[PDB]
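One chain comes next, on its own, written as structure tokens: the form deposited in one PDB entry.
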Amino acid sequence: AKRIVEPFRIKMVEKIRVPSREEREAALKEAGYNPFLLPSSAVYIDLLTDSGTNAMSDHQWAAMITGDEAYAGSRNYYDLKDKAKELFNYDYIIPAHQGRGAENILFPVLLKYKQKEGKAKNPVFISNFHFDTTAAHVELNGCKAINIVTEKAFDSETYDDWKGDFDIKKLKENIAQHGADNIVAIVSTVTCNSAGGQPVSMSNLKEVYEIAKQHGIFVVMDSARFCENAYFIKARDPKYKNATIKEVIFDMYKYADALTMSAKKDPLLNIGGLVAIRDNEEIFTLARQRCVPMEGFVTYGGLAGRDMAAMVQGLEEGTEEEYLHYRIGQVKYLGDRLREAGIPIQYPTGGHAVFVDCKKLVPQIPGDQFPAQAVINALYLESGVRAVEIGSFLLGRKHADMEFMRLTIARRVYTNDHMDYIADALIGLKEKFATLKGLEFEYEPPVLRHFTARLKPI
């Protein structure tokens, strides 16, 4: 495992504390053995998500201080519009308060747009993999969310350069079975979050866009971690070996018609989202009409002016290769520490998290008894580290192909010594993994259990 030094220094700190073993046992019981219900005061190192927990720079805080809070015509709305033209060559923007607000703006408009002339009678969305909120919006609008990630993403320990790729054969098969008139949109998720923050190749993005364009299908780029995808392209595609990150990004977005973005990831923000449209002015107008009642007026979209200002600066800082190299290298360091100790992970590591394969880490625990959650609760009790489950506990009442515990790493927040604490904590549980029991419900809500369900050890 190789430690990479920070291309920055610390300007402001925030205290953290390790609760005592008895505090965490009380806290985990009070939360019903669901870390989602733990207060942050009971957590030492928080690896629940990489969303909205990033450390901003002094230039970002400076930009917030001079932010224009105007309800209409904010100086920062035009700066953001100019930034999206520079980065993506897209001509229209609609800010949103975060990524699922951006999805709420655009997806219903795409369905309405497709439903013209009696099309989309059995409408579907096709992605390499829909994120949970993305699939929820697909399903809320009466559509089905189809995921066709490459089969290589389900072979955890088998290296592949592009585990986020579309399965091109499945894409064509789905276009032939459902019909282009039923495909509301293709959603390219970069990186593919649910497959392990795994990158999609430039040539895979290109072939998907070519296929969609010959069938007249609209392509939306889910762009939460697009800078981490661009870095992987430059690292692993020889055609982009000497390209800048911004040149990679500029090429990526030739292969979509629009983007939905959670700026709470790669743009290094604590809040914020964006809709950007390449040139379809009609879809832009319809999305603006939905933005008004759902998010806010069209030049702030549910965001304070200061946060649009922070987004403009963070959009730049997130494309800096020296930072991406350290950021992604830190994820790779925690992953190497675990692999060296025989802990199975999604290999290679993705851009934002280490996905520990708990299906083989605790085989004695069946899927319905939530093996990855049992490992997560044990990691929390032993260490105060909070991780998130991506398996059977997520999206149930059901069986899952993968059972990952996601160690999600906020950007510029934790040091490699924090990584060592995380790795050593999981390594010290190797003898307890065999004797580990499963989990059964105490209270189960009808929907969205993983967020607010209560469990108990069997």
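Note that residue numbering follows the sequence shown and begins at 1. Between two forms, the rigid core is the largest collection of C-alphas that superpose within 1.5 Å.
*Asks:* Unmodelled residues of the deposited sequence between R397 and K398: none, 1 to 3, 4 to 9, or 10 or more?
*Replies:* The entry leaves 4 to 9 residues without coordinates here.
*Asks:* On mean C-alpha B-factor from the PDB entry, just flag whether 439 to 447 or 7 to 15 is the higher one.
*Replies:* It is 439 to 447.
*Asks:* Going by the mean C-alpha B-factor recorded in the entry, which is higher: 364 to 372 or 118 to 126?
*Replies:* Mean B over CA atoms: larger for 364 to 372.
*Asks:* Looking at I390, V413, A70, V43, which has the biggest Cα B factor in the entry?
*Replies:* Highest C-alpha B-factor among the listed residues goes to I390.
*Asks:* Which one of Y159, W162, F226, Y113 shows the top CA temperature factor in the record?
*Replies:* Across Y159, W162, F226, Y113, the entry lists the biggest C-alpha B-factor for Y113.
*Asks:* By the recorded C-alpha temperature factor, relative to the other modelled residues in its chain, which third is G216 in?
*Replies:* Its C-alpha B-factor belongs to the highest third of this chain's values.
*Asks:* Going by the CA temperature factor in the PDB record, which third of the chain does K254 belong to: lowest, middle or highest?
*Replies:* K254: CA B-factor falls in the middle third of its chain.
*Asks:* Would the CA B-factor of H97 place it in the lowest, middle or highest third of its chain?
*Replies:* As the PDB entry reports it, the C-alpha B-factor of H97 lands in the lowest third of its chain.
*Asks:* Quick one: classify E431 as lowest, middle or highest third of the chain based on its Cα B-factor.
*Replies:* CA B-factor rank for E431: highest third.
*Asks:* Report the third (lowest, middle or highest) to which the CA temperature factor of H325 belongs, ranking only the modelled residues of the same chain.
*Replies:* Lowest third of the chain for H325's C-alpha B-factor.
Here the subject shifts to the form deposited in another entry, a form of this protein not shown in this document.
*Asks:* Of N54, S392, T408, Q60, which one's CA moves 2 Å or more between this form and the one not shown, core aligned?
*Replies:* Comparing both forms, the shifted residue turns out to be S392.
*Asks:* Any chance the CA of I10 moves 2 angstroms or more between this form and the one not shown, core superposed?
*Replies:* No, its C-alpha moves less than 2 Å.
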